[PDB]
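The block underneath contains the structure these notes are about, expressed in structure tokens.
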Amino acid sequence: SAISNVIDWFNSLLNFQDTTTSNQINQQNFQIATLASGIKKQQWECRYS
Amino acid sequence: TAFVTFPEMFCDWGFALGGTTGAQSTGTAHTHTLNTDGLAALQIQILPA
């Protein structure tokens, strides 16, 4: 039972590890995309975006 | 939040004229004096069906 519990805890830790890494990558990419895009000049202010 | 072809402040308001006009078409040569009685703003276009 002790080894089985250790197996379960290690699997849970690996799941948390991968979820946290994916969340970090997604958050950083989302912030970079938001910074890259955003407000653009309207048609009357200037011709180009 | 909205988008407009040109700022609504023109559609709501106008500008006061000032200065002096040029030569006339015919008659005694003279130049009229502009004042606040002259309003510069957008026009109205009629349109049939």
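The listed peptides B:40-49, B:19-28, B:1-10, ordered by packing as a protection proxy, come out as B:1-10, B:19-28, B:40-49 (highest mean of other Cβ atoms within 10 Å first).
At q = 0.20, 0.23 Å⁻¹, what is the log10 ratio I(q)/I(0) for the protein assembly as shown, with the Debye formula run over Cα points and no solvent? Relative scattering, expressed as log10 I(q)/I(0), comes to -1.10, -1.18. Computed from Cα atoms, the angle from the helix A:2-36 axis to the main principal axis of chain A rounds to 10 degrees. Taking the Kirkwood radius as Rh and the Cα radius of gyration as Rg, chain A has a ratio of Rg/Rh equal to 1.53.
Taking the centroid of alpha carbons for each part, segment A:13-49 and segment B:4-49 are 48 Å apart. If each Cα of chain B is one equal point scatterer, what is log10 of I(q)/I(0) from the Debye formula at q = 0.16, 0.17, 0.29 Å⁻¹? For the requested q values the scattering log ratios are -0.72, -0.76, -1.07.
We place every Cβ from the backbone using ideal geometry, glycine too, and count neighbours over all the protein chains shown. Every number here is computed from the coordinates shown, using simple stated rules; none is lab data.
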